[PDB]
>>> print(open('start-v4.cif').read())   # mmCIF, N, CA and C atoms
data_run
loop_
_atom_site.label_atom_id
_atom_site.label_comp_id
_atom_site.auth_asym_id
_atom_site.auth_seq_id
_atom_site.Cartn_x
_atom_site.Cartn_y
_atom_site.Cartn_z
N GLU A 1 -7.97 19.77 -7.14
CA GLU A 1 -8.50 18.50 -7.63
C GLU A 1 -9.78 18.14 -6.87
N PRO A 2 -10.70 17.43 -7.54
CA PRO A 2 -11.97 17.06 -6.89
C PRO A 2 -11.81 15.98 -5.83
N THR A 3 -11.54 16.41 -4.59
CA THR A 3 -10.66 15.76 -3.62
C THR A 3 -10.74 14.24 -3.53
N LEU A 4 -11.84 13.65 -3.06
CA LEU A 4 -12.07 12.28 -3.50
C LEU A 4 -13.45 12.13 -4.13
N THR A 5 -14.47 12.03 -3.27
CA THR A 5 -15.93 12.20 -3.25
C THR A 5 -16.29 11.61 -1.89
N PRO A 6 -17.52 11.72 -1.40
CA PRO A 6 -17.95 10.82 -0.32
C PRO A 6 -18.29 9.41 -0.76
N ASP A 7 -17.94 9.00 -1.99
CA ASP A 7 -18.21 7.66 -2.49
C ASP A 7 -16.98 6.80 -2.73
N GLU A 8 -15.79 7.39 -2.96
CA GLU A 8 -14.60 6.55 -2.97
C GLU A 8 -14.17 6.16 -1.57
N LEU A 9 -14.51 6.97 -0.57
CA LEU A 9 -14.19 6.62 0.81
C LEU A 9 -14.98 5.42 1.29
N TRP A 10 -16.09 5.10 0.63
CA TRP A 10 -16.76 3.83 0.86
C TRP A 10 -15.87 2.65 0.51
N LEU A 11 -15.14 2.72 -0.61
CA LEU A 11 -14.36 1.57 -1.06
C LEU A 11 -13.17 1.28 -0.16
N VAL A 12 -12.62 2.31 0.50
CA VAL A 12 -11.61 2.08 1.53
C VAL A 12 -12.19 1.30 2.71
N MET A 13 -13.35 1.75 3.21
CA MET A 13 -13.97 1.09 4.36
C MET A 13 -14.62 -0.23 3.97
N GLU A 14 -14.92 -0.44 2.69
CA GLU A 14 -15.39 -1.75 2.25
C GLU A 14 -14.29 -2.79 2.35
N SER A 15 -13.03 -2.38 2.16
CA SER A 15 -11.92 -3.31 2.28
C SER A 15 -11.54 -3.58 3.72
N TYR A 16 -12.12 -2.86 4.68
CA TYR A 16 -11.79 -3.09 6.08
C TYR A 16 -12.46 -4.34 6.62
N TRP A 17 -13.69 -4.62 6.22
CA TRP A 17 -14.40 -5.76 6.79
C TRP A 17 -14.29 -7.03 5.96
N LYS A 18 -13.83 -6.96 4.72
CA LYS A 18 -13.62 -8.20 3.99
C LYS A 18 -12.20 -8.71 4.14
N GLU A 19 -11.35 -7.95 4.84
CA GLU A 19 -10.00 -8.39 5.18
C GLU A 19 -10.00 -9.02 6.57
N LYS A 20 -10.39 -8.26 7.58
CA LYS A 20 -10.61 -8.80 8.91
C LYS A 20 -12.10 -8.74 9.24
N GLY A 21 -12.57 -9.72 9.99
CA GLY A 21 -13.98 -9.92 10.23
C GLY A 21 -14.57 -8.97 11.26
N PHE A 22 -15.75 -9.34 11.76
CA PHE A 22 -16.42 -8.58 12.80
C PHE A 22 -16.17 -9.11 14.20
N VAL A 23 -15.99 -10.42 14.36
CA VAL A 23 -15.63 -10.99 15.67
C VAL A 23 -14.11 -11.02 15.74
N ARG A 24 -13.54 -9.86 16.02
CA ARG A 24 -12.09 -9.78 16.05
C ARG A 24 -11.56 -9.91 17.47
N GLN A 25 -12.18 -9.20 18.42
CA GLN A 25 -11.67 -9.11 19.79
C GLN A 25 -11.60 -10.47 20.48
N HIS A 26 -12.65 -11.30 20.36
CA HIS A 26 -12.59 -12.63 20.97
C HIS A 26 -11.58 -13.53 20.27
N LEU A 27 -11.74 -13.69 18.95
CA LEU A 27 -10.93 -14.63 18.17
C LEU A 27 -9.43 -14.31 18.21
N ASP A 28 -9.05 -13.06 17.94
CA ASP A 28 -7.63 -12.72 17.85
C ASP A 28 -6.93 -12.82 19.20
N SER A 29 -7.57 -12.36 20.27
CA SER A 29 -6.94 -12.40 21.59
C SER A 29 -6.78 -13.82 22.11
N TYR A 30 -7.77 -14.68 21.86
CA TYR A 30 -7.64 -16.09 22.23
C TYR A 30 -6.52 -16.77 21.46
N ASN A 31 -6.33 -16.38 20.19
CA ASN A 31 -5.23 -16.91 19.39
C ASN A 31 -3.88 -16.66 20.04
N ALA A 32 -3.71 -15.51 20.69
CA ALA A 32 -2.45 -15.22 21.37
C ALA A 32 -2.30 -15.96 22.69
N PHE A 33 -3.42 -16.36 23.31
CA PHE A 33 -3.39 -17.16 24.53
C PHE A 33 -2.78 -18.54 24.30
N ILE A 34 -2.94 -19.11 23.11
CA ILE A 34 -2.37 -20.43 22.85
C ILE A 34 -0.86 -20.33 22.71
N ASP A 35 -0.37 -19.29 22.04
CA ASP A 35 1.07 -19.16 21.83
C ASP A 35 1.80 -18.79 23.12
N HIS A 36 1.49 -17.64 23.69
CA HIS A 36 2.30 -17.07 24.77
C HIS A 36 1.59 -17.05 26.11
N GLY A 37 0.34 -17.49 26.17
CA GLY A 37 -0.40 -17.47 27.41
C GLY A 37 -0.11 -18.64 28.33
N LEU A 38 -0.18 -19.86 27.79
CA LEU A 38 -0.06 -21.05 28.62
C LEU A 38 1.34 -21.24 29.16
N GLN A 39 2.35 -20.84 28.39
CA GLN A 39 3.73 -21.11 28.77
C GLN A 39 4.17 -20.24 29.94
N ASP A 40 3.58 -19.06 30.09
CA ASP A 40 3.99 -18.15 31.15
C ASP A 40 3.31 -18.43 32.48
N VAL A 41 2.18 -19.14 32.49
CA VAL A 41 1.54 -19.46 33.76
C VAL A 41 2.19 -20.70 34.38
#
>>> encode(input="start-v4.cif", output="structure tokens")
Amino acid sequence: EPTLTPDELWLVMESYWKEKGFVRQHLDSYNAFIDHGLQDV
């Protein structure tokens, strides 16, 4: 079978950034600090 193309693999990676954003590391980790961070200190 004509395996995919190098152009359908674009549509997989296009769904990666419209689902989760680009500022992930700051935003997501701080989100966990509110839940389980303050209570343990």
>>> atom_distance(input="start-v4.cif", atom1="CA of residue 9 in chain A", atom2="CA of residue 27 in chain A")
27.6 Å
>>> select_by_dssp(input="start-v4.cif", residues="chain A", states="alpha helix (DSSP H)", output="short mmCIF file (atom, residue, chain, number, x, y, z; two decimals) with N, CA and C atoms, keeping the file's coordinate frame")
data_model
loop_
_atom_site.label_atom_id
_atom_site.label_comp_id
_atom_site.auth_asym_id
_atom_site.auth_seq_id
_atom_site.Cartn_x
_atom_site.Cartn_y
_atom_site.Cartn_z
N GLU A 8 -15.79 7.39 -2.96
CA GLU A 8 -14.60 6.55 -2.97
C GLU A 8 -14.17 6.16 -1.57
N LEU A 9 -14.51 6.97 -0.57
CA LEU A 9 -14.19 6.62 0.81
C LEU A 9 -14.98 5.42 1.29
N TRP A 10 -16.09 5.10 0.63
CA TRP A 10 -16.76 3.83 0.86
C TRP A 10 -15.87 2.65 0.51
N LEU A 11 -15.14 2.72 -0.61
CA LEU A 11 -14.36 1.57 -1.06
C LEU A 11 -13.17 1.28 -0.16
N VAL A 12 -12.62 2.31 0.50
CA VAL A 12 -11.61 2.08 1.53
C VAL A 12 -12.19 1.30 2.71
N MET A 13 -13.35 1.75 3.21
CA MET A 13 -13.97 1.09 4.36
C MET A 13 -14.62 -0.23 3.97
N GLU A 14 -14.92 -0.44 2.69
CA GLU A 14 -15.39 -1.75 2.25
C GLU A 14 -14.29 -2.79 2.35
N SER A 15 -13.03 -2.38 2.16
CA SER A 15 -11.92 -3.31 2.28
C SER A 15 -11.54 -3.58 3.72
N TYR A 16 -12.12 -2.86 4.68
CA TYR A 16 -11.79 -3.09 6.08
C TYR A 16 -12.46 -4.34 6.62
N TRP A 17 -13.69 -4.62 6.22
CA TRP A 17 -14.40 -5.76 6.79
C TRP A 17 -14.29 -7.03 5.96
N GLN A 25 -12.18 -9.20 18.42
CA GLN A 25 -11.67 -9.11 19.79
C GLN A 25 -11.60 -10.47 20.48
N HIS A 26 -12.65 -11.30 20.36
CA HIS A 26 -12.59 -12.63 20.97
C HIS A 26 -11.58 -13.53 20.27
N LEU A 27 -11.74 -13.69 18.95
CA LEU A 27 -10.93 -14.63 18.17
C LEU A 27 -9.43 -14.31 18.21
N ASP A 28 -9.05 -13.06 17.94
CA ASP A 28 -7.63 -12.72 17.85
C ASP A 28 -6.93 -12.82 19.20
N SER A 29 -7.57 -12.36 20.27
CA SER A 29 -6.94 -12.40 21.59
C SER A 29 -6.78 -13.82 22.11
N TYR A 30 -7.77 -14.68 21.86
CA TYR A 30 -7.64 -16.09 22.23
C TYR A 30 -6.52 -16.77 21.46
N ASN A 31 -6.33 -16.38 20.19
CA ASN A 31 -5.23 -16.91 19.39
C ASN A 31 -3.88 -16.66 20.04
N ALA A 32 -3.71 -15.51 20.69
CA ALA A 32 -2.45 -15.22 21.37
C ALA A 32 -2.30 -15.96 22.69
#
>>> atom_distance(input="start-v4.cif", atom1="atom N of residue 41 in chain A", atom2="atom C of residue 28 in chain A")
17.3 Å
>>> atom_distance(input="start-v4.cif", atom1="CA of residue 32 in chain A", atom2="CA of residue 20 in chain A")
16.2 Å
